[PDB]
file upload-v9.cif (mmCIF, C-alpha atoms)
data_data
#
loop_
_atom_site.label_atom_id
_atom_site.label_comp_id
_atom_site.auth_asym_id
_atom_site.auth_seq_id
_atom_site.Cartn_x
_atom_site.Cartn_y
_atom_site.Cartn_z
CA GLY L 1 -13.35 -13.81 37.25
CA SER L 2 -14.07 -13.00 33.58
CA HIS L 3 -15.63 -9.63 32.64
CA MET L 4 -12.21 -9.04 31.13
CA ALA L 5 -13.44 -8.99 27.54
CA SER L 6 -16.04 -6.38 28.49
CA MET L 7 -13.17 -4.18 29.65
CA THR L 8 -11.66 -4.23 26.19
CA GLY L 9 -9.43 -1.37 25.05
CA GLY L 10 -10.52 -0.66 21.49
CA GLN L 11 -9.07 -3.98 20.38
CA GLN L 12 -12.05 -4.85 18.23
CA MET L 13 -11.72 -2.89 15.00
CA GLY L 14 -14.93 -1.64 13.41
CA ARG L 15 -18.10 -3.24 14.72
CA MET L 16 -21.01 -4.08 12.53
CA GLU L 17 -24.54 -4.54 13.87
CA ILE L 18 -25.63 -7.88 12.47
CA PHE L 19 -28.93 -9.76 12.34
CA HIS L 20 -28.59 -13.26 13.81
CA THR L 21 -31.62 -15.49 13.43
CA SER L 22 -32.85 -18.46 15.40
CA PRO L 23 -36.62 -19.15 15.71
CA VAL L 24 -37.11 -19.00 19.45
CA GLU L 25 -37.61 -16.63 22.35
CA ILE L 26 -34.53 -15.05 23.94
CA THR L 27 -33.48 -17.52 26.60
CA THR L 28 -30.47 -19.55 25.49
CA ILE L 29 -28.41 -19.89 22.32
CA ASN L 30 -30.00 -22.71 20.29
CA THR L 31 -26.58 -23.40 18.68
CA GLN L 32 -28.35 -25.91 16.45
CA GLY L 33 -27.10 -24.74 13.05
CA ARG L 34 -26.64 -27.18 10.17
CA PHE L 35 -23.15 -28.06 11.43
CA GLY L 36 -24.02 -27.95 15.14
CA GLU L 37 -21.74 -25.00 14.70
CA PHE L 38 -21.87 -21.21 14.92
CA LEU L 39 -24.92 -19.14 14.13
CA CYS L 40 -26.08 -17.43 10.98
CA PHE L 41 -26.73 -13.74 10.47
CA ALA L 42 -28.06 -12.00 7.39
CA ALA L 43 -27.33 -8.58 5.99
CA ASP L 44 -29.96 -5.83 5.70
CA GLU L 45 -33.54 -6.26 6.96
CA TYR L 46 -33.62 -9.70 5.35
CA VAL L 47 -32.70 -11.46 8.59
CA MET L 48 -34.29 -14.61 7.24
CA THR L 49 -36.83 -13.22 4.86
CA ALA L 50 -39.31 -11.37 6.96
CA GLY L 51 -38.79 -10.41 10.58
CA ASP L 52 -41.25 -12.85 12.13
CA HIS L 53 -38.43 -14.57 13.99
CA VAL L 54 -36.49 -13.58 17.08
CA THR L 55 -33.45 -11.96 15.52
CA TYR L 56 -30.45 -10.80 17.52
CA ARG L 57 -28.50 -7.66 16.68
CA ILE L 58 -24.93 -8.15 17.77
CA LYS L 59 -21.80 -6.03 17.34
CA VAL L 60 -19.11 -7.71 15.31
CA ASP L 61 -15.74 -6.77 13.91
CA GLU L 62 -16.03 -6.07 10.18
CA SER L 63 -12.43 -7.14 10.41
CA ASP L 64 -13.50 -10.67 11.39
CA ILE L 65 -14.26 -11.68 7.80
CA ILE L 66 -11.06 -9.99 6.68
CA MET L 67 -8.75 -11.88 9.04
CA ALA L 68 -10.79 -15.07 8.61
CA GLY L 69 -11.01 -14.60 4.84
CA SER L 70 -7.24 -15.01 4.88
CA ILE L 71 -8.10 -18.74 4.87
CA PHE L 72 -8.97 -18.48 1.17
CA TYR L 73 -5.37 -17.52 0.53
CA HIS L 74 -3.61 -20.41 2.26
CA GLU L 75 -6.01 -23.37 2.26
CA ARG L 76 -6.17 -24.05 -1.47
CA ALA L 77 -2.38 -23.89 -1.58
CA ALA L 78 -1.35 -26.63 0.86
CA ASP L 79 -4.67 -28.18 1.87
CA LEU L 80 -5.86 -28.65 -1.75
CA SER L 81 -5.16 -32.42 -1.76
CA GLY L 82 -7.35 -33.04 1.26
CA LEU L 83 -9.83 -30.35 0.28
CA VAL L 84 -10.54 -31.90 -3.13
CA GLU L 85 -11.54 -35.25 -1.64
CA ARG L 86 -13.28 -33.45 1.22
CA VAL L 87 -15.84 -31.12 -0.39
CA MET L 88 -16.28 -33.48 -3.35
CA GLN L 89 -17.72 -36.01 -0.93
CA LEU L 90 -19.34 -33.40 1.31
CA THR L 91 -21.84 -31.97 -1.17
CA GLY L 92 -20.81 -33.54 -4.48
CA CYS L 93 -19.09 -30.41 -5.71
CA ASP L 94 -16.55 -30.22 -8.53
CA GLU L 95 -13.08 -29.05 -7.44
CA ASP L 96 -13.42 -25.65 -9.17
CA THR L 97 -16.54 -24.80 -7.22
CA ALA L 98 -15.29 -26.82 -4.23
CA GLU L 99 -12.17 -24.68 -3.66
CA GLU L 100 -14.06 -21.38 -3.71
CA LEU L 101 -16.92 -23.03 -1.87
CA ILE L 102 -14.70 -23.34 1.24
CA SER L 103 -15.23 -19.64 1.94
CA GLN L 104 -18.82 -20.02 0.70
CA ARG L 105 -18.36 -17.79 -2.33
CA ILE L 106 -21.36 -19.30 -4.11
CA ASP L 107 -24.60 -20.77 -2.84
CA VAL L 108 -26.62 -22.63 -5.46
CA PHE L 109 -29.06 -19.72 -5.17
CA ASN L 110 -26.92 -17.79 -7.65
CA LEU L 111 -26.08 -20.95 -9.53
CA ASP L 112 -28.06 -22.00 -12.61
CA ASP L 113 -25.41 -24.49 -13.72
CA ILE L 114 -26.04 -27.00 -10.93
CA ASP L 115 -29.67 -28.03 -10.29
CA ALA L 116 -30.70 -25.48 -7.67
CA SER L 117 -33.44 -27.76 -6.39
CA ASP L 118 -31.51 -30.72 -4.99
CA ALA L 119 -28.34 -28.69 -4.59
CA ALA L 120 -30.40 -26.17 -2.60
CA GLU L 121 -30.83 -28.58 0.30
CA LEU L 122 -27.13 -29.40 -0.11
CA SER L 123 -26.31 -25.68 0.09
CA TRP L 124 -27.50 -25.73 3.69
CA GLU L 125 -24.87 -28.42 4.17
CA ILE L 126 -22.38 -26.24 2.32
CA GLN L 127 -23.15 -23.71 5.00
CA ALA L 128 -22.48 -26.36 7.64
CA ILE L 129 -19.13 -27.35 6.11
CA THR L 130 -18.10 -23.70 5.72
CA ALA L 131 -18.51 -23.37 9.48
CA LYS L 132 -15.85 -26.07 9.74
CA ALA L 133 -13.45 -23.64 8.07
CA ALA L 134 -14.52 -20.88 10.46
CA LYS L 135 -14.02 -23.39 13.26
CA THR L 136 -10.37 -23.79 12.29
CA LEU L 137 -9.09 -20.19 12.35
CA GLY L 138 -10.96 -18.99 15.43
CA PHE L 139 -12.26 -15.95 13.60
CA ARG L 140 -15.46 -17.03 11.94
CA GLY L 141 -15.68 -14.35 9.28
CA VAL L 142 -17.65 -16.42 6.75
CA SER L 143 -20.30 -15.28 4.27
CA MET L 144 -22.96 -16.86 2.09
CA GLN L 145 -25.35 -15.88 -0.68
CA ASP L 146 -28.91 -15.59 0.64
CA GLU L 147 -32.12 -13.86 -0.49
CA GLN L 148 -30.43 -10.48 0.10
CA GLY L 149 -27.32 -12.11 -1.24
CA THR L 150 -24.98 -12.16 1.73
CA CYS L 151 -25.39 -14.24 4.87
CA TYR L 152 -22.66 -14.67 7.49
CA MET L 153 -21.85 -17.39 10.02
CA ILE L 154 -20.28 -16.23 13.29
CA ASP L 155 -19.78 -17.59 16.77
CA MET L 156 -22.34 -16.99 19.48
CA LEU L 157 -19.95 -16.57 22.41
CA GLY L 158 -21.05 -16.60 26.05
CA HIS L 159 -21.18 -12.80 25.79
CA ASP L 160 -24.85 -13.58 24.92
CA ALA L 161 -25.80 -10.06 26.11
CA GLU L 162 -24.65 -9.08 22.60
CA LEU L 163 -27.68 -10.84 21.16
CA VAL L 164 -30.28 -8.08 21.25
CA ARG L 165 -33.72 -8.98 19.87
CA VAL L 166 -34.53 -7.14 16.67
CA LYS L 167 -37.19 -9.52 15.26
#
call {"tool": "encode", "arguments": {"input": "upload-v9.cif", "output": "structure tokens"}}
result
Amino acid sequence: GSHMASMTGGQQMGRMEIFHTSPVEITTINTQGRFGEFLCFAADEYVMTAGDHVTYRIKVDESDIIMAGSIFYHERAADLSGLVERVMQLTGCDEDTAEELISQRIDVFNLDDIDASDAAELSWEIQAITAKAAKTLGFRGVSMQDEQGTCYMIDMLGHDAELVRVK
């Protein structure tokens, strides 16, 4: 069975070669992210910082973040009540930041307001909790603010052949 996704008919709109990082050697997906959830990729050559890690270059719909980013239109509307209590207790974030934080629109790396020392370690947890959002829609389409300024968290499906080492 399977091999059906490989025989796709141009269903995936616009693929983007992305740098997924997990310090290892290419054998199995470590799937050990901060949420036990999907894997991180960074934009540009800044896969982590330097390329001393086994990075994977995968092809991904640029549309993924667009159809997933639709979350940031509906969630605050109805889910607000639960969201407020949620992210407030998740990483001690004020509702203003909290709401936008769902789609990870601000890591403490760009933030001078909140103490970017302690909140920095919490921002890794923000990345974990943002994967929870990506876990809900099915399209993972989520982005962060890293050294280069945008990271993304996407699912490492059993199509693992997609993960091509780029160090």
call {"tool": "atom_distance", "arguments": {"input": "upload-v9.cif", "atom1": "CA of residue 97 (chain L)", "atom2": "CA of residue 114 (chain L)"}}
result
10.4 Å
call {"tool": "resolve_selection", "arguments": {"input": "upload-v9.cif", "expression": "the PyMOL selection byres ((chain L and resi 7-14) around 12)", "output": "compact mmCIF listing (two decimals) with C-alpha atoms, in the frame of the given file"}}
result
# COMPACT_ATOMS: atom_id res chain seq x y z
CA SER L 2 -14.07 -13.00 33.58
CA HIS L 3 -15.63 -9.63 32.64
CA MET L 4 -12.21 -9.04 31.13
CA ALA L 5 -13.44 -8.99 27.54
CA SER L 6 -16.04 -6.38 28.49
CA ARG L 15 -18.10 -3.24 14.72
CA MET L 16 -21.01 -4.08 12.53
CA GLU L 17 -24.54 -4.54 13.87
CA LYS L 59 -21.80 -6.03 17.34
CA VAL L 60 -19.11 -7.71 15.31
CA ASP L 61 -15.74 -6.77 13.91
CA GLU L 62 -16.03 -6.07 10.18
CA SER L 63 -12.43 -7.14 10.41
CA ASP L 64 -13.50 -10.67 11.39
CA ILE L 65 -14.26 -11.68 7.80
CA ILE L 66 -11.06 -9.99 6.68
CA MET L 67 -8.75 -11.88 9.04
call {"tool": "atom_distance", "arguments": {"input": "upload-v9.cif", "atom1": "CA of residue 90 (chain L)", "atom2": "CA of residue 148 (chain L)"}}
result
25.5 Å
call {"tool": "residues_around", "arguments": {"input": "upload-v9.cif", "residues": "region 38-44 of chain L", "least_positions_apart": "5", "cutoff": "6 Å", "atoms": "all atoms listed in the file", "output": "list in words"}}
result
residues 19, 20, 21, 151, 152, 153, 154 and 155 of chain L
call {"tool": "resolve_selection", "arguments": {"input": "upload-v9.cif", "expression": "the PyMOL selection byres ((chain L and resi 130) around 12)", "output": "ChimeraX atom specification"}}
result
/L:33-40,68-69,71-72,83,86-87,90-91,98-107,123-129,131-137,140-144,151-154
call {"tool": "atom_distance", "arguments": {"input": "upload-v9.cif", "atom1": "CA of residue 89 (chain L)", "atom2": "CA of residue 119 (chain L)"}}
result
13.4 Å
call {"tool": "residues_around", "arguments": {"input": "upload-v9.cif", "residues": "residue 56 (chain L)", "least_positions_apart": "6", "cutoff": "10 Å", "atoms": "only C-alpha atoms", "output": "NGL selection string"}}
result
:L and (17-22 or 26 or 41 or 47 or 160-167)
call {"tool": "closest_residue", "arguments": {"input": "upload-v9.cif", "among": "L:145, L:76, L:24, L:94", "to": "residue 113 (chain L)", "atoms": "all atoms listed in the file"}}
result
L:94
